[PDB]
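Consider the single chain below, provided in structure tokens and representing the form solved without the named molecule.
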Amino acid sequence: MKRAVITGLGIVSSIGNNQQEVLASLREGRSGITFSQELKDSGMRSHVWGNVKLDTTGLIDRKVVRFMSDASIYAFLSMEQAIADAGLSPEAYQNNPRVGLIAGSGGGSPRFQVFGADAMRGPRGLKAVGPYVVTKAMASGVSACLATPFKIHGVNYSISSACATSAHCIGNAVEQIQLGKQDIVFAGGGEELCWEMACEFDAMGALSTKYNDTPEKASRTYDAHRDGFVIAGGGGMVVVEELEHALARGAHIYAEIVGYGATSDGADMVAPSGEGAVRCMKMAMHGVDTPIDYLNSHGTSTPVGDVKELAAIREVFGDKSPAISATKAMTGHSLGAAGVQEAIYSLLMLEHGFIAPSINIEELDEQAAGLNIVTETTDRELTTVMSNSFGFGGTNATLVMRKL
């Protein structure tokens, strides 16, 4: 019944350590991609990544961070930023059964799972493992590690859905508001960056391998010579809030979440059907009586995926397609964190009135023809934006956000 608005955001990304830095990078078309000695050293073919360039040392209390893997660190810092941005005091949001947290990762912590197993296999066994690995390694680490220190009393769990993870978190947070169960839900995600997980993607041929000598050019969504995604890590968090509760406190409102699509392909494991995506966008658009001014695509820089989505975009919009850009060409693919980060990039475009460029397009793919792939930063007043997240395993999420 109830309407859901976004009233604060926070982010730790390859393109910036807070919303000010991210906004600057988006406007500049600045790449967050760097060469990775770690990835090269591990024997991988992809030697490039979207790393967080924040030194996180000392930023979280000792007794809190001892439970945390990097996904949780990134998500925690993002949540601290979001609470500050929202203007929420602990009096208001802590020990409050109407305030929840839904935040996940795509992978958990392969680094800590592998650490556990390596230590256990040495001469010291359990003593080498130590008593902290479960919270770091479990799939719910990002929710568990944040709900305790922020004193959350409402919903507390992690949704995971690969590349759609934190979009489904945001949509479920919206569902909690619509059901009348929560006044606020912090929604987002985090993802560590590590050879332990990255090598799994390289093994399936998913990562870019031909551009290691020019890291900033490797991620190139829609380019005719794209060769796979560039893996990234980071975090993000948004404050999803019931509309009346927000107005009553004088909240700063970014946008209303006016649409949330969530579908399944029920077809292929590793490649999109397009059919799932068409349904997901239409669901997100249902009852949305204003056109989409800007679409932040899923667009990971993969030969098949990039154009399946564009095909889906055509079928949905017909002869009224929106301006489109793929911010992953700058940021890389942060997996479980992508949905919330890209919702944030879309909210920054909406708030500050511009479209970020789809960079590194030297030759546009023929299946992009007739669509407005925006390749230069363009100032424009936007009203309604859409953001797609199409995960491995055929799971789809689309969010539509609109000025109030």
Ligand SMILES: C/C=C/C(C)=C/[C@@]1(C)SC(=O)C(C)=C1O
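Residue numbers run from 1 along the displayed sequence.
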Mean C-alpha B-factor comparison - 381 to 389 and 8 to 16, higher one: 381 to 389
Which has higher Cα B-factors on average according to the PDB entry: 214 to 222 or 72 to 80? 214 to 222
Residue of maximum C-alpha B factor among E241, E256, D85, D319, per deposited coordinates: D319
Specify which of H153, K127, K328, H168 carries the largest Cα B factor in the deposited PDB entry. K127
Among the modelled residues of its chain, does the C-alpha B-factor of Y157 lie in the lowest, middle or highest third? lowest
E363 by Cα B-factor - lowest, middle or highest third of the modelled chain: highest
Ranked by Cα temperature factor within the chain, is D202 in the lowest third, the middle third or the highest third? middle
For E38, the third of its chain into which the C-alpha B factor falls: highest
Per the entry's values, where does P131 land by CA temperature factor relative to the rest of its chain, in the lowest, middle or highest third? highest
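The protein also exists as the form deposited with the named molecule bound; that form is not presented, and the subsequent description refers to it.
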Just checking whether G259 would be counted as a contact of the named molecule in the deposited bound form - the rule being heavy atoms within 4.5 angstroms. no
Does any part of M330 reach within 4.5 Å of the named molecule in the deposited bound form? Heavy atoms only, please. no
Interface membership of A248, the named molecule in the deposited bound form, 4.5 Å heavy atom rule: no
Do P272 and the named molecule come within 4.5 Å of each other in the deposited bound form, heavy atoms counted? yes
Identify, from the list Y93, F229, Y254, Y211, the residue with a heavy atom within 4.5 Å of the named molecule in the deposited bound form. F229
Partner-free chain; cross-checking the named molecule in the deposited bound form, the single residue of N172, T300, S158, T263 with a heavy atom within 4.5 Å is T300
Exactly one listed stretch (213 to 221, 302 to 310, 93 to 101, 78 to 86) reaches within 4.5 angstroms of the named molecule in the deposited bound form by non-hydrogen atoms, and it is 302 to 310
